[PDB]
């Protein structure tokens, strides 16, 4: 009978979940040791534990076929069993999985070990991306210096791993097909449990795209005034090295030269943070304070004891891209961040702590449910907090923003500053996965892989390399997530839904009313709000126990991913910017780039 089997299956699941948590703990520990301390010994250790867990997963997926799980009454049991059938890379034969792991660590370690020579001193060749190269990219307004560092980094972080990337694509595809997905694109998209998900994102992107064009047009206009027309053309794609970010994914670092009202205040609290003697420790303690202030969970002692919150000062190689870690026990959660005392880093701290909070909220769930409702939810949590921390309202409370007058012009500056991070990012994030999807799906011949990347960057973002590239170069892996095999659509989803969360959290906190001029969405602070915290607790505690629309419904009663909230936030900027571009006869749109030779 199926009644007796379903009872037996429940007990099978309870034990197996706990076993998976314990085995994953061991893998995570080895991955932590390697990430904190890159060596051949730690690489070998990390990959061997992974190979071992993969083998166990194979046995698990095989064992699910012994249960008539599709016949069960309990939606919960069926959901758990379905999650267990999904093997990912662990579906690969033993030798193929080991090869994939070796390729993956070859790419991640290459990225982490990149060092370039000083622009002014060909003798000093120990400049790493974080912090040395990024310091220049964010601060230099010498266009040739910027171009030098761009070329050096992309040559070393990108082109150097072409053959490894090729083999990774092959094995990623082989794995996907062994799970009966068409390609790795479909395997990734499966995490969103919605067969129209791509179309939904296309529709939302199409609605916000006109606002992006206006911001792009205005930024290009302002850059021409700064650099002159020899460096920036009116009608062409923006040379990306001028945008204050190695990947041009966010442009806030150049706000001081492109701000709507240069004579009015522009929020940049980095200097005040340094003046008040801020430390990484203080920044994390402040993040903790924000969460607990909303009646959410305090960081456990293991976090403080075991986290790495500063770049180590010995000679060691490590991964400095900020990350948050769930060790799948109780309260063993960690962050590794090479924290610097800057405004952007203060947001990053809150982003990472958002992951940590999610871990703590769902750690009581069975193992397979100890993850985000979808990957976008996990990325959105910290950013909702970061949105309110970024407000003049909050920054004045914590003494970081002084003598600030919030008039109509200062408001436009702040909205524009936010847009330089939030709207600009949308086409960037979309192209990261449109590119990899196209390779996974076999839609681009290997002969055309590099210019296929830049074609997308041109088409969607209207940016281009500072120098002519060709198929001799291979630029995609110069972005961390591409070298490290981390799906990127999560961030596009995050940047849309975080505004749904923020709007609703602000309304619940009595911080936003569309008919009250004193409560604008763009100055909402949710600090200290137990009502906003309740909504978070209701949603995050669910983990992946239910399909994501149910998790969204738990937060604010809605079930649909929508661009309404983000457009609402930026509406006063849209009205002003459209008018300003008309007033200044600003050219909108761009010609096709000449910077990638076929």
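Positions refer to the first chain, counted from 1.
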item: Stretch with the higher entry mean CA B-factor, where the candidates are 285-293 and 213-221; value: 285-293
item: Comparing 425-433 with 144-152, the one whose average Cα B-factor in the PDB entry is higher; value: 144-152
item: Highest-ranked of 463, 319, 187, 419 once sorted by CA temperature factor in the record; value: 319
item: Identity of residue with top Cα B-factor, from 124, 378, 441, 481; value: 124
item: Residue 459 - which third its CA temperature factor falls in, relative to the rest of the chain; value: lowest
item: Chain-relative CA temperature factor third for residue 366; value: middle
item: Assigned third (lowest, middle, highest) for the C-alpha B factor of residue 241; value: lowest
item: Chain thirds of CA B-factor: placement of residue 344; value: middle
item: CA B-factor ranking of residue 119, expressed as a third of its chain; value: highest
